[PDB]
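The form deposited in one PDB entry is given below as one chain in structure tokens.
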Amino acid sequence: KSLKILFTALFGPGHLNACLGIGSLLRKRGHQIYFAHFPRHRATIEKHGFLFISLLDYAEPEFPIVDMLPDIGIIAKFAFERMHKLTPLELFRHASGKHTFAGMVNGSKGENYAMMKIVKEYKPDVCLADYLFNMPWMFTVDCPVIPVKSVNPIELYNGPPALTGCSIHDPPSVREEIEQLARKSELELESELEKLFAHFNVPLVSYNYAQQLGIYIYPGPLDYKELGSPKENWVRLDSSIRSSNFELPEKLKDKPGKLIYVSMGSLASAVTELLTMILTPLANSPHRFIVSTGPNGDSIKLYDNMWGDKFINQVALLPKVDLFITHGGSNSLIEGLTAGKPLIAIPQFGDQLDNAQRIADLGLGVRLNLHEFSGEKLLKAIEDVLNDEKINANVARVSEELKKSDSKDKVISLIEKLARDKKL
């Protein structure tokens, strides 16, 4: 029996891209996939064979729906300026118990109204949604809803607080304070969600509760097995890659060195100062760089050893590079490791700090922090990682694991079962 499956996600292309991958698996099984998201992604969604639904067409008049990607960058400038000078601890101190994505909770009412209307009209058998936190509609619509998580999944475990970037090597005395601050700001997230749920008259749940089934996308070899098991009803999908041939810019043909990809993500690349800071020293690195220059890419200066465009084909490119300098977004991490490339992660915000530290902790690359950044340090990191026989072997081992994953079969079966039975 072929199902009607409805997806949605946050604005961020990181979240959209994770769901595209799951959607593709379900489409292959014979299901009709709908995806409710913003008009800028209609092409990718429809190219995947999914029916596009504009959340903008379902908005209530008193509660409009910004697609925030254009507004982000204005926000991200402030974030960059703080972390570039403050240590993570000082950042948490300066935050004064303000949570990372709490300010986003209030603004989510409009998207909630839209989803209630969409689900009522389209009457799917099941929904999947990739958000930073649970939303009231997920508990009021008349079908099972599965949260999809693509951020670092330490939040699903009972060990160190998420978003702090703690290392397995940090001793008790060092984490005590950052863990107090993290726990304090978690209370702000709860109080913000209380207001949102109260608005819609829905009983409050944990921000990462999965009623029946939740799917987190993270490579099994990097998952937090040393913390036991994730929260109830959460199941791991080892990767989610949406899924062709790529040709190398002639600029970089017959230049010396390895090929290195630089991308600071979809969100953070908006901030031109960040890329400028990073690329400046790389002019003197004896290698060839392909750069994702972001929305404001045209005014970024590139050197003789660099070719860039606003938006690059990351999945096509990665097999052809030797190293990936990344902000440490989850998707980028999964794509880089699938391709078997080592990582230099320069975390900017949120879960990236957790991913960056996990890369370091498991010998898959190095973390560099903004606050102590130097061109000397970066160039050395490049040479070190390129010639570190241990890191490359670890990456090759994880790369092999990721390719042979059969997590998809189990997860699909669960999705199908839940849709049909309405329970378990």
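So that the term is clear: the rigid core is the largest set of C-alpha atoms that superpose within 1.5 Å between two forms. When you see a residue number, it is the position in the sequence shown, counting from 1.
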Check: Checking the other PDB entries with both flanking residues built, is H199 absent in a third or more?
Finding: no
Notebook entry, point to check: Taking the other compared entries of this protein, do a third or more of them lack coordinates for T293?
Noted result: no
Next item on the list: Pick one of none, 1 to 3, 4 to 9 or 10 or more for the number of deposited-sequence residues not modelled between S96 and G97.
Entry: none
Notebook entry, point to check: Got a sec? Mean C-alpha B-factor, which is higher, 81 to 89 or 213 to 221?
Noted result: 81 to 89
Next item on the list: Look up the CA B-factors in the entry and say which stretch, 155 to 163 or 169 to 177, has the higher mean.
Entry: 169 to 177
Item checked: Member of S243, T326, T140, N305 with the greatest C-alpha B factor (per the PDB record) -> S243
Checklist line | Peak C-alpha temperature factor (PDB record), options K380, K47, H37, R358 | finding: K380
Next item on the list: Using the B-factors in the PDB entry, rank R183's C-alpha atom against the chain and give the third, lowest, middle or highest.
Entry: highest
Notebook entry, point to check: In terms of the CA temperature factor given in the entry, to which third of its chain does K255 belong: lowest, middle or highest?
Noted result: highest
Notebook entry, point to check: Within this chain, which third does the Cα B-factor at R42 fall in: lowest, middle or highest?
Noted result: lowest
Item checked: For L16, the third of its chain into which the C-alpha B factor falls -> lowest
Notebook entry, point to check: Which third, lowest, middle or highest, does the CA B-factor of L25 fall in along this chain?
Noted result: highest
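Keep in mind the form deposited in another entry is missing from the figure; the text below concerns it.
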Notebook entry, point to check: Just one of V398, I382, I65, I33 has a CA that shifts 2 Å or more between this form and the one not shown on a core fit; which is it?
Noted result: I65
Next item on the list: Work out whether the Cα atoms of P70 and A95 come closer together or move farther apart in the other form than they are in this form, the change being 3 angstroms or more.
Entry: closer
Notebook entry, point to check: Any idea whether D67 and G329 get closer or farther by CA distance in the other form, knowing it moves 3 angstroms or more?
Noted result: farther
